[PDB]
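Here's the letter readout for the chains.
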Amino acid sequence: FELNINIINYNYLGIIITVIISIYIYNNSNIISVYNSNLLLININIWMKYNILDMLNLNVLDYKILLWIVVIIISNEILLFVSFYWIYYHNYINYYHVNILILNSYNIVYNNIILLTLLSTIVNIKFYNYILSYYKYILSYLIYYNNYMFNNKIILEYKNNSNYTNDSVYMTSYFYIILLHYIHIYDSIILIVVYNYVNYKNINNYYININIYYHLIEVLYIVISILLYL
Amino acid sequence: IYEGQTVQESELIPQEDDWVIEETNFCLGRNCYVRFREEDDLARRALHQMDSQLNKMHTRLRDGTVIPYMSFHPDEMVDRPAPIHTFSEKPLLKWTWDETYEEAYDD
Amino acid sequence: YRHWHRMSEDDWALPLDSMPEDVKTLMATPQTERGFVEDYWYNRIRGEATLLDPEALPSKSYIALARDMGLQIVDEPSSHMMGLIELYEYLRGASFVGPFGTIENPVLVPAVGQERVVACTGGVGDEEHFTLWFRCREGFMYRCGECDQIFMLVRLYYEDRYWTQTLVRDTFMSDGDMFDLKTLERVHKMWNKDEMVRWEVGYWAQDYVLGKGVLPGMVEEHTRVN
Amino acid sequence: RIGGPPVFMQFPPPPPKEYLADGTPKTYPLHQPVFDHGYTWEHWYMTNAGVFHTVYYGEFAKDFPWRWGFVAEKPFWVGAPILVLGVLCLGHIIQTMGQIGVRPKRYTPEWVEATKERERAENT
Amino acid sequence: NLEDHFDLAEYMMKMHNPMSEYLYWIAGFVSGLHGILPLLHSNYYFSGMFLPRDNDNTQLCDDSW
Amino acid sequence: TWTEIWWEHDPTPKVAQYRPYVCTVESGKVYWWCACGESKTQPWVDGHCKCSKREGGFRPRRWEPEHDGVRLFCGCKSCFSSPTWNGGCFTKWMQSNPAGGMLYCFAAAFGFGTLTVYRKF
Amino acid sequence: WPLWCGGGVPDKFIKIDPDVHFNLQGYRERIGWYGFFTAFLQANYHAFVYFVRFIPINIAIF
Amino acid sequence: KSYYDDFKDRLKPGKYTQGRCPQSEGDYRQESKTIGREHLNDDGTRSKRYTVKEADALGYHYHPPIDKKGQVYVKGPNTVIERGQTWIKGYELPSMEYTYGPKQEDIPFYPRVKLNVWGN
Amino acid sequence: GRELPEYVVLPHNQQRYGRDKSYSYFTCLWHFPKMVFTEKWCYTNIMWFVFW
Amino acid sequence: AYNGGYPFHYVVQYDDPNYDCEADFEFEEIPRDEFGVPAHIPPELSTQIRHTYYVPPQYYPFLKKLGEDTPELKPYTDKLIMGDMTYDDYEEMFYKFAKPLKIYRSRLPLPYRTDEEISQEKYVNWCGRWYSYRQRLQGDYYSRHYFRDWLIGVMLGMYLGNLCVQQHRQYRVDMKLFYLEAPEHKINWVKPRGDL
Ligand SMILES: CCCCCCCCCCCCCCCCCC(=O)OC[C@H](COP(=O)([O-])OCC(O)COP(=O)([O-])OC[C@@H](COC(=O)CCCCCCCCCCCCCCCCC)OC(=O)CCCCCCCCCCCCCCCCC)OC(=O)CCCCCCCCCCCCCCCCC
Ligand SMILES: CCCCCCCCCCCCCCCCCC(=O)OC[C@H](COP(=O)([O-])OCC(O)COP(=O)([O-])OC[C@@H](COC(=O)CCCCCCCCCCCCCCCCC)OC(=O)CCCCCCCCCCCCCCCCC)OC(=O)CCCCCCCCCCCCCCCCC
Ligand SMILES: CCCCCCCCCCCCCCCCCC(=O)OC[C@H](COP(=O)([O-])OCC(O)COP(=O)([O-])OC[C@@H](COC(=O)CCCCCCCCCCCCCCCCC)OC(=O)CCCCCCCCCCCCCCCCC)OC(=O)CCCCCCCCCCCCCCCCC
Ligand SMILES: CCCCCCCC/C=C/CCCCCCCC(=O)OC[C@H](COP(=O)(O)OCCN)OC(=O)CCCCCCC/C=C/CCCCCCCC
Ligand SMILES: CCCCCCCC/C=C/CCCCCCCC(=O)OC[C@H](COP(=O)(O)OCCN)OC(=O)CCCCCCC/C=C/CCCCCCCC
Ligand SMILES: CCCCCCCC/C=C/CCCCCCCC(=O)OC[C@H](COP(=O)(O)OCCN)OC(=O)CCCCCCC/C=C/CCCCCCCC
Ligand SMILES: [Zn+2]
Ligand SMILES: [Zn+2]
Ligand SMILES: [Zn+2]
């Protein structure tokens, strides 16, 4: 027989990661922060390596445990956006009569909605192929093109906007809510860059996580679009 | 709510007129701090500690059965102090039901 | 069982590359001296040699047929040991529910060691009480202090070892007549001729008996790039 | 699973015992001192030992330092009231050390009278 | 091994080196100093005295000391 | 009233006294308390009562003080904290003489009401 | 993979013998300082693979 | 009676403070040279080499315990055959006087009683 | 497979370790500084930490 | 009914002996299934086609022997001989003859108990029943006693609470007389101090 769980006795990434966090506080140059971020990325990858190596234990509950962890993380991301919506709507009584130019409801909203919908369709096709034990090379490069356009559009919008964060709480909330969504789009790039075909298929937690996360980002933008643009 | 096991009148009838409830002492004894021997090294002190576990003790009844140390929670079932690896074999929580299947019996 | 993961490819069959290259010694090794991989191929080579000889099957007794395939005839001792193994494995990830324990029929608590933690929850319905945990050690008939349910520890122990499927086989299975390599060759020629190989394990096995890389195409079969 | 971490393993025998040259068994550090003092009381307490058992737990004076052997010997309701008063008195004394001889003017009789005048005018 | 059965076996079997306990108490003592030392330093920085005299910020009688 | 009307299978003591017995006790000494009320060296077993003879379910009650001092010991033989006294002797007396119990409880309540009302008012 | 989708490797083709792979007692003397440096670099193959697949899109954004 | 006097002999008052002589007199930090004690220091504590510098969990001193047949040593029960039946005699723990010291006599009586439960 | 004796006789005859001596409340005030300034492994570690 | 109908493991066959799905990057070979169905025949069509196992005829005498020794097994062996056994028929045969392992309580060694102790089993059961009888009755007794005693706390709390009610009652009477009669109340009294 064997123990139900193969215990993990020792770990040293925790110390390294925690020290990396402290380096952000104790920096005397923003250049150190940039290089420190690479270290954090490296060590987080090692932690992800340990999760993949745990497959050797053949434990049925490992998939379930990680899936429910992601559910909790998703909830935290939703509640973080709720706080920004809370901040935005608290000062609702002070909006729409101040001498600032709010965003148009015709151009930005439509193309972004169309663009992000295509992103969902690409990920949906990836899920379908994952169900069918099949792969299509071009799909990943469609995501990169999709992400390239999103970055190009958002950069221009910020640069050409004629109002600034210090003009009103409305502008601050607009910029902040849009940035928060962008950061979650960038986190999606971090995840999707490693998409590959793995032959153990439906016992791979990465596929279900990516599908859930991409759907969350897109639905959040619908709420943002209704609140700010429409 | 729980109010003890149900008892039938016939179950209370003794087989002798001199039967009284057994006077067996359920005080396990007199204890204090576990006192180690200076001669015992680390390994042998560990054996000493393992032989002083109250949860390994019991009281033997008049029919040979023993009533062991029992606790409401499993926190009192590990060796004291707690070892690094406690439940190597999964503790079994015994449920009871009236269901039965024929394969278990023989005529 | 529900707590096991998906069957692996090896759970069905092993690749031929795992066949021991010294087949002549493999078929002469006693069962107690064969490892997991050696035992697997001994049974597969000997089992398939008898099954691929149709003309001899009807005259072969079930005892001999079972021996050739490596299947163990069941008896009360072996059945008892195997049954308690599966019960132990099942209880690893399943609930422990059964009839109320009494002196005549104590609750059986399988264990490998000398101790296992158990809880008593009383009887059914109103007789059910709060969990009462106790350490079930070997050699004592335990009596719950509340409901008077009787528990007993059953140890899966045998001669300085704990019961396992292989241990049961070694203890009770008896090696029969030594496998004859002539049968391997005879069956090999039956199903493998003129570049057609319908009996591939025998083709590899026969090649190893003749050394290695003697039969047609075996040199190319054994040459690898990495 | 064959080859997995065993569910049970027997302890290997302990390492060989060590004897000094003269044959005396070697002793090892032991943090169970025998405190030196004249107290020899032994207090026993019936203790829960599960749900159906108890154990008569004893505390021996020689296993405690002098300060506890002295305090634990006396009746609780003799020592307890004295300690409560003593601790409070010490606290007051400690805090009074830093203000010996400090005489603020606002607590002088003249200032006290002036406050009374203010209260009368303001009907406080 | 028997030595590895119990977590922190040396301490639990009462063989540990006393220095471990001293460090724990020292660490606690240092933590406490983080409330007292900056108090003294800040008092001197803004007043030139490590500690005030009681009621020194109020009017005092002539004989007050 | 557990022995009187609820359960008839526990030994029922005789009341030696409806008041506690005051005694000086010493730490480190074991005392044996009469649970039948028929010993002549109350509150201790005398060697001739039912407790001493182990008759009718009566056994001596072991007791040991933590510290030296003067302690109160049950005379009614039914105090919850037996051998020590906690007031059960008065309670058991009221059961036997409820009319007297009313007088004492009224008097005690009357005093408590006056003092509490006088100070707060 | 050694998971459900595959299985073990035949002994004929095993190249990392655990008896030599493990038993790391004295390993720093067996590889020297430069070998120690190489071992550190090769331990981060997993991190290296991610960066190769992650940098290019960032260059595009930049 | 005084139960401490029963096991006074076992408790010999100590000599050194905290149980160790000065390191100069005896170096308890070094690993013991006694055969079979290479994992222990001189004073009996586990050596840093065994637990930290060459910990087996890190790949040092690789030695798989399980054998070829997937078996590990297991100690059997104390079996007895009597009255046409195979019996197992359980291991009873040693007297609490040996482990704790007090002599197991004059134990206060605590009877068996089932759980105190609210009824009605 | 290793063979070991039941016991070993050490070459020296010094009883270096044993039960800890009785101590008072303030025994740590002198014993702790004594270890720092008198035990080799103590001040060697301190110097090593401070230097680097 | 699991994994959407895709088996975890299945056999694939190739026509070219030297074909490797990982080395070659050609685009003409079509893989086959376990029954030999080419991949470009969809499963909803191939699964309808009836596939039966054909053993060499030299196995017929053996299959006949199995049926005769085990008559319950005869109908399955006959299907196999006649080439009418599909995969489903084989599965039914396989699971029909699978039996569970048996555990014999008579082979379990028992914890040691002397003959004298074994004769006291009825007594110990008798004691246990009386403990339960005493336990259950005491629960009713204690429940009545203590829950009744709680009423004393209610009455004690009500009395002490009523003391503060009376104090508040007198306080309100006093306040009503402050502005009307109390000489402490003064008007045309406080004069502004003025800025210092
Ligand atoms: C006489 C010729 C007439 C030609 C007319 C023009 C037709 C152009 C079609 C372009 C479609 C691009 C679609 C992009 C999305 C991704 C497609 C995809 O999945 O590809 C998979 C495909 C194969 O992927 P796989 O993983 O191997 O296989 C996956 C499947 O299993 C198997 O995949 P699959 O085989 O099922 O793929 C189906 C299909 C799925 O996609 C579609 O079917 C979408 C079709 C959308 C039509 C868009 C037409 C746009 C035209 C606009 C013109 C506007 C003029 C304005 C004038 C203004 C005047 C004032 O994908 C493709 O076929 C993609 C195009 C393949 C070409 C690759 C070679 C390089 C580019 C060659 C371009 C040649 C143009 C000649 C023009 C001549 C005119 C006379 O990917 C590749 O081949 C690799 C990457 C390259 C593909 C994209 C190439 C873009 C070329 C754009 C040309 C038009 C530019 C117009 C500019 C106008 C400026 C004003
Ligand atoms: C709230 C309070 C009241 C609470 C009441 C209620 C309490 C209820 C009970 C609670 C119980 C909870 C459960 C307890 C379980 C205990 C388990 C246990 O013992 O585990 C074993 C564990 C370790 O035992 P082991 O297994 O033998 O470990 C062996 C080692 O791993 C290996 O041995 P090794 O010798 O190789 O060790 C290596 C050693 C190497 O050792 C050496 O080399 C030592 C050398 C000597 C150094 C000595 C310090 C020198 C300081 C000099 C200061 C100079 C100041 C100059 C000022 C000048 C001013 C003008 O150390 C190191 O290399 C690293 C040391 C790093 C840690 C220490 C850091 C110290 C502070 C540093 C401050 C830095 C400040 C910088 C700020 C700068 C800002 C800019 O024990 C401990 O660690 C000690 C625990 C002690 C307490 C046990 C519990 C007793 C009950 C509680 C008592 C009351 C405590 C009250 C709090 C403290 C008050 C102060
Ligand atoms: C006749 C006497 C007088 C009668 C008065 C009647 C009044 C009406 C009540 C209804 C009629 C009752 C008639 C009962 C007949 C008997 C029936 C029966 O079954 O008898 C046998 C039955 C059982 O017989 P058994 O089974 O044989 O056992 C008998 C044993 O003796 C065992 O007996 P036991 O176990 O039942 O013992 C009872 C004991 C059991 O109690 C405990 O075990 C208590 C344990 C926790 C103690 C916690 C202490 C406090 C903690 C404070 C936290 C802060 C600390 C600050 C520290 C600062 C630094 C030092 O109860 C108490 O000690 C009473 C506690 C009451 C609450 C205490 C808090 C009062 C707060 C008031 C408001 C404060 C506002 C302040 C405003 C500003 C200043 C003025 O016995 C009884 O029923 C005995 C009942 C006697 C109760 C008398 C309690 C009087 C307490 C007066 C408090 C006055 C407060 C004044 C200030 C007010 C300001 C507003
Ligand atoms: C500031 C806001 C936040 C951004 C800053 C960094 C935050 C870093 C926090 C990261 C938390 C990660 C939690 C992961 C939990 C889920 C893990 C999981 O399921 O992984 C396994 C899963 C599937 O593996 P299998 O082997 O198939 O199965 C596993 C066993 N059954 O694998 C994956 O998810 C693959 C992940 C690959 C991509 C990894 C990329 C890591 C990115 C780290 C970002 C760090 C950026 C730091 C920036 C700092 C400066 C701003
Ligand atoms: C049909 C689809 C849409 C459904 C929408 C459901 C909305 C649910 C809202 C839940 C929270 C309700 C809080 C109580 C309402 C209070 C509203 C209010 O008073 O607003 C004004 C007030 C500010 O006024 P004063 O502080 O007095 O002065 C301000 C001066 N500058 O604003 C607030 O405090 C309200 C802020 C909270 C509301 C916005 C954020 C919370 C809502 C998040 C929703 C998330 C998405 C939907 C989740 C549910 C999906 C099923
Ligand atoms: C002008 C007037 C000044 C008046 C000053 C009055 C000062 C009064 C101080 C009263 C408080 C005294 C607190 C005493 C704390 C004792 C702490 C203690 O016991 O520590 C225990 C702990 C663990 O010991 P054991 O548990 O025995 O371990 C062995 C195995 N069991 O002991 C230690 O760690 C020993 C060392 C601890 C650090 C103590 C010293 C810290 C440094 C103090 C510096 C003081 C400087 C004063 C400068 C004054 C200038 C005018
Ligand atoms: Zn029970
Ligand atoms: Zn008596
Ligand atoms: Zn009384």
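Thresholds applied
- Residues numbered from 1 in each chain as written, not as in the entry; some residues may be left out.
- Chains lettered and ligands numbered in written order.
- Part of a larger assembly, values for the part shown.
- Heavy atoms only, no water.
- Pairing = 2+ DSSP bridges.
- Helix = DSSP H or I, 4+ residues; strand = E, 2+ residues; numbered from the N terminus.
- Near = heavy atom within 4 Å.
- Polar contact = N/O pair within 3.5 Å; in protein donor to acceptor, adjacent residues only side chain to side chain.
- Areas by Shrake-Rupley, 256 points an atom, 1.4 Å probe, with all protein chains shown as cover.
- Nonpolar A, V, L, I, M, F, W, Y, C, P; charged D, E, K, R; others polar.
- Contact = heavy atoms within 4.5 Å.
- Buried area = accessible area lost by both parts, 1.4 Å probe.
- Salt bridge = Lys/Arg side-chain N within 4 Å of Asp/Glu carboxyl O.
- Donors = N, O, S within 2.8 Å, 3.2 Å for Na, K, Ca; no water.
- Tetrahedral: all angles 85-135°; square planar, octahedral: opposite > 155°, others 65-115°.
- Buried < 20%, exposed > 50% of the residue type's maximum accessible area, 1.4 Å probe, protein only.
- Arc of directions from axis to C-beta.
- Axes fitted to C-alpha atoms, helices over the stretch in contact; angles between N-to-C directions.
- Parallel < 35°, antiparallel > 145°, perpendicular 65-115°, else oblique.
- Left-handed = near helix turned anticlockwise from the far one by under 90°.

In the nomenclature of the PDB entry, chain H is known as Cytochrome c oxidase subunit 2A of Perkinsus marinus.

Chain C appears in the PDB entry as Cytochrome Coxidase subunit, putative from Perkinsus marinus.

S.K.: Hey, could you run me through the pairing of strand β2 (residues 85-89) of chain H in this one?
M.R.: Taken residue by residue, a regular strand's side chains alternate between the two faces of the sheet. Sheet topology places strand β1 (residues 78-82) of chain H next to β2 of chain H; five bridges connect them, and they run antiparallel. Counted as the bridge partner of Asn-78 of chain H is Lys-89 of chain H from β2 of chain H. Inspection of the sheet shows β2 of chain H paired to strand β1 (residues 110-111) of chain J by two bridges, in the parallel sense. Bridged to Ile-88 of chain H within β1 of chain J is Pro-111 of chain J.

S.K.: What is the right way to read the site of ligand 3 from this model?
M.R.: Neighbouring ligand 3 are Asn-86, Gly-88, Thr-91, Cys-105, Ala-108, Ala-109, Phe-112 and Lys-120 of chain F together with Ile-152, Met-155, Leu-156 and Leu-160 of chain J. In this structure, an oxygen atom belonging to ligand 3 sits 3.1 Å away from a side-chain N or O atom of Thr-91 of chain F. Notes on ligand 3: free accessible area 2,000 Å², of which the protein chains cover 32%. Elements represented by at least two residues in the shell around ligand 3 include exactly α3 (88-96) and α4 (98-120) of chain F together with α6 (121-176) of chain J. The dominant element in the shell around ligand 3, judged by the number of residues it contributes, is α4 of chain F, at five residues. Here the residues of the shell around ligand 3 are counted per class, giving eight nonpolar, three polar and one charged.

S.K.: What's the story with the interface of chain C and chain G in this structure? I'm lost.
M.R.: Where the parts come together, the accessible area they lose is often given as the size of the interface. Every contact between the two is made by 14 residues of chain C and, on the other side, 10 residues of chain G. In this assembly, chain C packs against chain G so that about 860 Å² is buried in total across both faces, 55% of it on carbon and sulfur atoms. The interface formed by chain C and chain G contains one salt bridge. Taken together, the connections running from chain C to chain G amount to four residue pairs in polar contact.

S.K.: Would you explain the site of ligand 5 in this entry?
M.R.: All names here are of chain A. For ligand 5, the full set of nearby residues is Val-82, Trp-86, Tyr-89, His-90, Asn-91, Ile-93 and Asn-94. In this structure, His-90 approaches ligand 5 through a side-chain N or O atom, which is 3.4 Å from an oxygen atom. When isolated, ligand 5 has an accessible area of 1,200 Å², and the protein chains bury 27% of it. Split into classes, the residues belonging to the shell around ligand 5 amount to four nonpolar, three polar and no charged.

S.K.: Can you help me understand the coordination of the zinc ion (ligand 8) in this one?
M.R.: Ideal coordination angles are 109.5 degrees for a metal with four donors arranged tetrahedrally and 90 or 180 degrees for a metal with six donors arranged octahedrally. Residues and elements named next belong to chain F. Within the protein, the zinc ion (ligand 8) binds to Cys-34 (SG), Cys-36 (SG), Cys-49 (SG) and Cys-51 (SG); these donor distances fall in the range 2.3 to 2.4 Å. For the zinc ion (ligand 8), the four donor atoms in the first shell make angles of 89 to 124 degrees at the metal, so the coordination geometry reads as tetrahedral. All donor residues of the zinc ion (ligand 8) come from one chain, and their arrangement in sequence is C-x1-C-x12-C-x1-C. Given a relative accessible area of 0%, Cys-51 falls into the buried group.

S.K.: How should I be thinking about the interface of chain B and chain C in this particular structure?
M.R.: Contacts between the two partners involve 34 residues from chain B, matched on the other side by 47 residues from chain C. Taking both sides of the interface into account, the surface hidden between chain B and chain C amounts to around 3,800 Å²; carbon and sulfur atoms contribute 60%. Joining chain B to chain C, the criterion identifies three salt bridges. With its nearest N and O atoms 3.1 Å apart, the salt bridge here joins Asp-79 of chain B to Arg-135 of chain C. Here chain B and chain C share 28 residue pairs in polar contact between them. In terms of residue count, the dominant contributor to the side of chain B that touches chain C is strand β4 (residues 92-96) of chain B (five residues). Of the pairings in the sheet, the one linking β4 of chain B to strand β3 (residues 115-122) of chain C comprises three bridges and is parallel in character. Each residue of the ladder has a partner; that of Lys-94 of chain B, found in β3 of chain C, is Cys-120 of chain C.

S.K.: How should the pairing of strand β2 (residues 42-48) of chain D be read in this particular structure?
M.R.: All names here are of chain D. Here β2 runs beside strand β3 (residues 54-60); their pairing, made up of seven bridges, is antiparallel. Bridge pairing in β3 places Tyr-45 opposite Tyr-57. What sits between the antiparallel neighbours β2 and β3 is a turn of five residues, in which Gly-50 has the positive phi angle 105 degrees.

S.K.: What is the right way to look at helix α6 (residues 181-191) of chain C in this model?
M.R.: The periodicity of an α-helix, 3.6 residues per turn, causes residues three or four places apart in sequence to face the same way. Residue and element names in this part refer to chain C. Of all the positions in α6, only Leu-184, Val-187 and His-188 are classed as buried. Seen end-on, α6 carries its buried residues on one side only, within an arc spanning 110 degrees. Looking at the buried residues of α6, the elements they touch are α2 (36-51), β9 (192-193) and α7 (200-209). Two to three positions downstream of the cap, the backbone nitrogen of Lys-182 sits 3.1 Å from a side-chain oxygen, assigning the N-cap of α6 to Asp-180.

S.K.: What should I look at first to understand the sheet that holds strand β4 (residues 128-137) of chain C in this one?
M.R.: Adjacent strands of a sheet form backbone hydrogen bonds with each other and so pair up, either parallel or antiparallel. The sheet built from four strands is open, its strands ordered β1(C)-β4(B)-β3(C)-β4(C) with mixed pairing. On the outer flanks of this sheet lie β1 (96-98) and β4 of chain C, each paired with one strand and no other. Going across the sheet, the axis of each strand differs from the next one's by a mean of 25 degrees, ignoring polarity.

S.K.: How should the pattern of salt bridges be read in this particular structure?
M.R.: Side-chain pairs of opposite charge can arise whenever the charged atoms involved come near each other. Residue and element names in this part refer to chain J. Counted according to the given criterion, the structure contains 61 salt bridges over all chains. In this structure, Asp-140 engages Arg-144 in a salt bridge whose closest nitrogen and oxygen atoms are separated by 3.2 Å. Of this pair, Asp-140 and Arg-144 both sit in helix α6, four residues apart, which is roughly one turn of that helix. Looking at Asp-140, the relative accessible area reads 18%, which means it is buried.

S.K.: Before we go on, may I ask you to explain the coordination of the zinc ion (ligand 7) in this structure?
M.R.: The zinc ion (ligand 7) binds to the protein through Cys-120 of chain C (SG), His-129 of chain C (NE2), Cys-144 of chain C (SG) and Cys-147 of chain C (SG); the donor distances cover 2.0 to 2.3 Å. Taken together, the four donor atoms surrounding the zinc ion (ligand 7) define angles of 93 to 123 degrees at the centre, an arrangement classified as tetrahedral.

S.K.: Can you help me understand the packing of helix α1 (residues 13-25) of chain A against helix α2 (residues 30-53) of chain A in this one?
M.R.: The relative placement of two packed helices is expressed as an angle between their axes plus a distance between the axes. All names here are of chain A. The interhelical angle for the contact between α1 and α2, taken along N-to-C directions, is 160 degrees, at an axis separation of 10 Å. Relative to α2, the element α1 lies roughly antiparallel. The two elements α1 and α2 cross, and the hand of that crossing is left-handed. The segment α1 lies against α2, with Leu-13, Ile-16, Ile-17, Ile-20, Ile-23 and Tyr-24 engaging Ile-32, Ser-33, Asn-36, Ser-37, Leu-39, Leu-40, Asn-43, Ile-46, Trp-47 and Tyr-50. Along the lines of polarity and charge, the residues of the contact of α1 with α2 split into 12 nonpolar, four polar and no charged.

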